[PDB]
């Protein structure tokens, strides 16, 4: 009471967000503490269930349906004037059972990021990457490194030739129809595993390692979102942001997230949380503060987004988004993500075959 605690992931602009919080404190006397706990998306539903946790939680919209189903989120009530300020499709991402359960902030999609000095013309296909890696390994470089620990990053390849999460049918997802074990999913994961077994990639590679390699010019390419650009800017690597490579002639299909801010149902500061989000954060100046720390991607706020749209990196982001699909927000997404995380880790490390890993994933996801 009389305080705001906010959780946002450590890869986002939490210092920029904190600057908005300082402005809020200056105006209102309400202190705002921004934190970035590890695994906050799993931590929230645990501590919020007891009525603890943050006043406001930031995460991609996919997790919010489950939070809402658990009664963990307060229903938000922006009026017409405010809703008209954000793109309709962003409001769509934070609707659950007819109710708005969060404020949309920004649209995120993975792109191919490449080093222009090592790779003036980036590959259009996944298939050519092994040969490119061999050429680079002769120079002590690698072609591509990206986070293999989180299925968010491998999904675009798995989905390329036909993998999918849950079948969409006329407004509803059929949670009994999962596409993680079909021929398309298997072809994509098999290709990934082949890269690893043949030493073009390392099963070990995680977010920090991939980011390190790209930003020090050790690898020619990486796969990451808008938040990553800030650190590359500092590294002085000459980079481009472009369309993900195709697989079997088909576009890579990233799962698109809408970074959203939910209010804890157990919060005694719901009115203040709304005031902060609507009138401090979701303004030209508020989003700019966060964006300048770590880029948000394409923001939900029309007035600022139409300025950001001039950025070819954002154009690239949305080109990839359009080839991909907006994540469902249904409660079953958590089971889906866990199933696929396990499958990719087990296949990549050789603990299971691709067929065995994905068969288990099909069961676990549904």
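Numbering follows the first chain given and starts at 1.
- Of the two segments, 57 to 65 and 33 to 41, the one listed with the higher mean B-factor is 33 to 41 (C-alpha atoms only).
- Mean CA temperature factor is higher for 132 to 140 when stretches 132 to 140 and 149 to 157 are set side by side in the entry.
- Ranking 178, 107, 287, 86 by Cα temperature factor from the entry places 178 first.
- Within the selection 213, 223, 73, 256, the deposited Cα B-factor values reach their highest point at 73.
- In the deposited entry, the Cα temperature factor of residue 79 places it in the highest third of its chain's modelled residues.
- Ranked by Cα temperature factor within the chain, residue 298 sits in the lowest third according to the deposited record.
- Per the PDB record, residue ranking by Cα B-factor puts residue 344 in the middle third of the chain.
- Sort the modelled residues of the chain by CA B factor and residue 323 lands in the middle third.
- Ranked by Cα temperature factor within the chain, residue 52 sits in the highest third according to the deposited record.
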